[PDB]
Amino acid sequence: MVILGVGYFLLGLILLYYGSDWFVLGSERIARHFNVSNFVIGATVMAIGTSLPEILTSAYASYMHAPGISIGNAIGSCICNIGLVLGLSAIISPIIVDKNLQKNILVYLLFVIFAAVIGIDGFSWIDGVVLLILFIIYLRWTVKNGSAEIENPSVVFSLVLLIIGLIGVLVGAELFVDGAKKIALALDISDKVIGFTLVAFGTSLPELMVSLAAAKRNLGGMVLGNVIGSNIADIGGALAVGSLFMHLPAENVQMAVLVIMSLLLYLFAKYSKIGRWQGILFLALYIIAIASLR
């Protein structure tokens, strides 16, 4: 069963590789079709699509009476797309944030702080409803300020490329995790806090691969949109749905970390830029986090 495990592992890795580029290319074409910025298509379509694992993981975990995992992989994903994902992408393709995007990032920061504040006691179902509504408003507000649309061929291929791309990365992530679980099982290596905090990683591979793909094609806005949007999607969506099934226990330490990194993200976007040395810091902080957090 290790033989299939190896097979699933790199094939999914191959799907993650090409599927992310196709998802990026498809989204970029769709953005130009509906006359919206790359940030917009990244913060909505791409963000939500890549956050489907978190949502279904949080929903499932909390439903199976494991709310700590539910909040733990919602919030863990946040720290991860700012620290690891954005960190790598910033180095690859430095971003100077325009003022229209700085405002969106400022709203993000307020959202995170607010979630952190009402989250001190934990996360009730009402807490979840609130976050989900703000999530909806954000998506609406982001689209309106990012769209300038005035206006069956060139769209169809664009849409197909986006859909196949998303299926590629979602399935690719599945096979990566599955293929990994099989090798660990067949080699009797299977721990399951490893087994968790790696499915708590495979949850975040779609965001990682997709952002790296956009970074290589110098689509900084799409990257930034993907990171910001995925965090609101995991908090206002994944975390939210989790609280609907069960009260999520407080994660003040990780929330404090998330707020700080979110704060740093805004400041860099407002007065400096998101380039190499800012990317350096994010990676550093992520290293310290995965070395000090549990």
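Position 1 is the first residue in the sequence shown; the rest follow in order. Superpose the two forms; the largest set of C-alphas matching within 1.5 Å is the rigid core.
> Which segment is farther from the shown form on average in 8 other deposited structures of this protein after a rigid core fit, 188-196 or 209-217, going by CA atoms?
Per-stretch check in 8 other deposited structures of this protein: the more divergent one is 188-196.
> Please pick 67-75 or 152-160, whichever has its Cα atoms farther from the shown form in 8 other deposited structures of this protein after a rigid core fit.
Comparing 67-75 with 152-160, the larger C-alpha deviation in 8 other deposited structures of this protein belongs to 152-160.
> Enter the number of deposited residues without atomic coordinates between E151 and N152, binned as none, 1 to 3, 4 to 9, or 10 or more.
4 to 9 residues lack coordinates between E151 and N152.
> Per the record, averaged over C-alpha atoms, which has the higher B-factor: 189-197 or 92-100?
The recorded data point to 189-197.
> I need to verify one thing: averaged over C-alpha atoms only, is the B-factor higher for 70-78 or for 198-206?
The stretch with the larger average C-alpha B-factor is 198-206.
> What's the residue among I113, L86, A184, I105 with the greatest CA temperature factor in the PDB record?
The record points to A184.
> Highest recorded C-alpha temperature factor, please, choosing from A180, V130, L224, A213.
Answer for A180, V130, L224, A213: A180, with the highest C-alpha B-factor.
> What third of its chain, lowest, middle or highest, does the C-alpha temperature factor of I136 fall into?
Lowest third - that is where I136 ends up once the chain's C-alpha B-factors are sorted.
> Name the third of the chain's ranked CA B-factors that contains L285, choosing lowest, middle or highest.
According to the entry, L285 has a C-alpha B-factor in the chain's middle third.
> In terms of the chain's CA B-factor thirds, is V24 lowest, middle or highest?
Middle third by C-alpha B-factor.
> Taking the entry's C-alpha B-factors for this chain, is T142 in the lowest, middle or highest third?
Ranked within chain, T142 CA B lands in the lowest tercile.
> Please say which third, lowest, middle or highest, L161 falls into when its CA temperature factor is compared across its chain.
Its C-alpha B-factor, which the entry lists for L161, ranks in the middle third among residues of this chain.
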